[PDB]
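One structure below.
Note: hydrogens, waters and symmetry copies are ignored here, and every other heavy atom, side chains too, is used. Chain naming here is simple, since letters A, B, ... match the order of the sequence lines and numbering starts at 1 in each.
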Amino acid sequence: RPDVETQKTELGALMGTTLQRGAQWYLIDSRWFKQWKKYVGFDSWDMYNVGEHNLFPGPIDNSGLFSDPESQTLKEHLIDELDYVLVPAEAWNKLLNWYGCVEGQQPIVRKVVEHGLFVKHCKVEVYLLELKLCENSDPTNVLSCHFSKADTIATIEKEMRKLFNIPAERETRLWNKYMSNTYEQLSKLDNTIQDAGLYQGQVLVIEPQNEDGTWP
Amino acid sequence: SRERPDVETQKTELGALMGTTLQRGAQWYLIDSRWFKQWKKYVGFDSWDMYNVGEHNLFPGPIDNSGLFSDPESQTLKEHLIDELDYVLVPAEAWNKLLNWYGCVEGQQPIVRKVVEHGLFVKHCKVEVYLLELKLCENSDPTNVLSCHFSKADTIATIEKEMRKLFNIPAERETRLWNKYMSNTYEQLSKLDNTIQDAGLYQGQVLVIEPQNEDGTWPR
């Protein structure tokens, strides 16, 4: 880990990284990151470095972002710039090389996706859609799976063929079980998961065409 | 009194505004996404629909933002609204067209916000939907606290400029600005240079300005 002046410079060179679709960004609790800035005097370019030595932040600690310490599920309702900051891969690597991280904490990496109801703009997708997937012929075998809001219904079917070994030449119908025994067919495989209005923990069942031609 | 062109023209005029970038100082408007997604379906903005586009039963009616207020009367914006989920932001030209075309529910004012540069690391232009509220007070009258709203991009110096105004403090009079938030002790806000976001001030936080006495002593 080089001295604070050098850490300010190397990370300052990354100040202007733009969001590009598909790029990976990392979350850092802003408690840790704000302390780091005070330590290196990041928000101040004077002849003499202004960092505060006793604010040495130690290992990167994201435990504040976690609902559970064991599982490191992200808390819900975190606000960018308030609860955490987003750093490009290059900056994350520098900070991690320099400080290490709290034992057990996996890096919080997320991808840039393009979205918008009107104007399109990029953002880092911090919360993915969690779905429960199962196969018509064995409704008890249920798998949790996470999808991007920008992924399509096609993405989902494809994933389900993979998880349940449904031949790609076979015919399928995808059903949203949105109530006890009430189902809607997902047939517009072209559109995004948002366009479909699926909720977190939503149950989807895929139904393969029987080998004879019939339909369960 | 109402000019509204056909849906294809509506689609094209708004489509032409989609290349608008966020620029510091620009004014953008919030529209409840429920209204806006219905307008998109009505005009076939995303895809053509042979059975629904232009049809009267898709007409979205007057722009209605009431689902965005926490207070009907005062039209205060709910907190924790999510961009692209609860509302969409549109450029001023687009807002003008939509309001002209459709009007709005009687009594509703436009929800207008400005683009600022901010960020804890990378600085981004973003529409600032929530200003930061701050309680301000003189050292000599801690019972008199005014509430003010500041941009996250505003500087400590901007707050001092404003506190001097409110409490009538002469330019040549020196001041100290004090910040005590969950602390046990007053910290002095000394770097007038940095932004409210840099300084990490919190919503509804109190801060106090202490003017130097004329004789040179300090009140604390």
Side-chain angles (χ1 to χ4, degrees), chain A residues 67 71 73-74 76-77 111 113 115-117 125-156 158-168 170-180 182-189 191-210 212-216, chain B residues 32-33 35-60 67 82 84-88:
Chain A
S67 45
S71 69
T73 294
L74 269 195
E76 287 175 5
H77 318 297
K111 302 183 78 64
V113 303
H115 76 322
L117 301 179
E125 180 160 37
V126 180
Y127 298 102
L128 290 176
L129 184 78
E130 199 256 21
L131 290 175
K132 299 281 175 44
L133 311 178
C134 76
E135 192 270 307
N136 185 46
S137 86
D138 187 7
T140 41
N141 177 37
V142 166
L143 308 167
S144 170
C145 197
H146 281 265
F147 298 88
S148 173
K149 73 178 72 196
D151 297 345
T152 59
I153 303 313
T155 291
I156 302 190
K158 194 198 217 64
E159 187 63 22
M160 305 182 80
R161 288 169 179 268
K162 177 163 138 185
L163 297 183
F164 302 120
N165 197 42
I166 292 153
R170 182 69 51 86
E171 222 51 6
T172 66
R173 264 143 45 172
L174 188 54
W175 301 96
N176 177 4
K177 198 196 68 171
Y178 69 85
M179 275 162 54
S180 173
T182 298
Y183 294 76
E184 161 169 54
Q185 181 172 356
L186 296 187
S187 51
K188 260 295 171 290
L189 302 206
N191 45 42
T192 69
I193 302 202
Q194 296 183 322
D195 296 348
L198 308 188
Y199 304 58
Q200 293 277 359
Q202 191 90 256
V203 183
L204 302 198
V205 49
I206 190 152
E207 171 198 359
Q209 181 159 47
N210 276 327
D212 62 10
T214 215
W215 277 103
Chain B
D32 183 330
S33 65
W35 186 89
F36 190 79
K37 291 169 161 174
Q38 188 54 42
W39 175 87
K40 293 209 300 191
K41 284 163 188 146
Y42 175 57
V43 310
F45 197 85
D46 292 322
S47 69
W48 189 63
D49 181 325
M50 172 158 172
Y51 289 103
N52 295 120
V53 167
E55 291 300 297
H56 172 262
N57 63 11
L58 269 70
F59 184 73
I82 307 305
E84 301 301 344
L85 177 70
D86 301 304
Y87 62 84
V88 64

Work out which heavy atom in [X] is nearest to a heavy atom in [Y]; give both atom names and the distance.
X        : Y        : result
B:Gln38  : B:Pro60  : CG-CB, 3.9 Å
A:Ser148 : A:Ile193 : O-CD1, 3.5 Å
B:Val53  : B:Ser47  : CG2-O, 4.3 Å

Enter the distance from [X]:[atom1] to [Y]:[atom2] here, rounded to the nearest 0.5 Å.
X        : Y        : atom1 : atom2 : answer
A:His77  : B:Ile82  : NE2   : CD1   : 9.0 Å
A:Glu130 : A:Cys145 : CD    : SG    : 8.5 Å
A:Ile206 : A:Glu159 : CD1   : CD    : 11.0 Å
B:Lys37  : B:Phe45  : NZ    : CZ    : 14.5 Å
A:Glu171 : A:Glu207 : CD    : CD    : 11.5 Å
A:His115 : A:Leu117 : NE2   : CG    : 8.0 Å

*Taking side chain as C-beta onward, heavy atoms only, is A:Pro216 less than 4.5 Å from A:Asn210?*
yes

*Is the closest side-chain heavy-atom distance between A:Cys134 and A:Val205 below 4.5 Å?*
yes

Would you say [X]'s side chain and [Y]'s backbone share a donor-acceptor pair under 3.5 angstrom?
X        : Y        : value
A:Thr73  : A:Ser67  : no
A:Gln194 : A:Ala150 : no
A:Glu135 : A:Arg161 : no
B:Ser33  : B:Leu85  : yes

*Could you pull out all residues at least two apart from A:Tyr199 that satisfy ring pair (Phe, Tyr, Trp, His ring centres under 6.0 Å)?*
none

Can you name the residues that form a side-chain contact (heavy atoms from CB on, under 4.5 Å) with [X], not counting sequence neighbours?
X        : answer
A:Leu131 : A:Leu129, A:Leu133, A:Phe147, A:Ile156, A:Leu198, A:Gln202, A:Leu204
A:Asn165 : none
B:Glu55  : B:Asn57
A:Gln185 : A:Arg173, A:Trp175, A:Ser187

*Please assess A:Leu174 against A:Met160 for the test side-chain contact (heavy atoms from CB on, under 4.5 Å), listing each intermediate value before the final yes or no.*
CA-CA 10 Å; A:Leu174 188 54; A:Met160 305 182 80; 3.4 Å; yes

*Would a line drawn from the ring center of B:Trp39 to the ring center of B:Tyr42 be shorter than 6.0 Å?*
no

*Taking only residues two or more places apart in sequence or in another chain, which ones pass salt bridge (charged side-chain N to carboxylate O under 4.0 Å, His left out) with B:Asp46?*
B:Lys40

*Does the pair A:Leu189 and A:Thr152 meet the rule for a side-chain contact (heavy atoms from CB on, under 4.5 Å), with working shown?*
CA-CA 7 Å; A:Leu189 302 206; A:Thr152 59; over 6 Å; no

*Go through the steps to decide whether A:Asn141 and A:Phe164 satisfy the test side-chain contact (heavy atoms from CB on, under 4.5 Å), and finish with yes or no.*
CA-CA 9 Å; A:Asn141 177 37; A:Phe164 302 120; 3.5 Å; yes

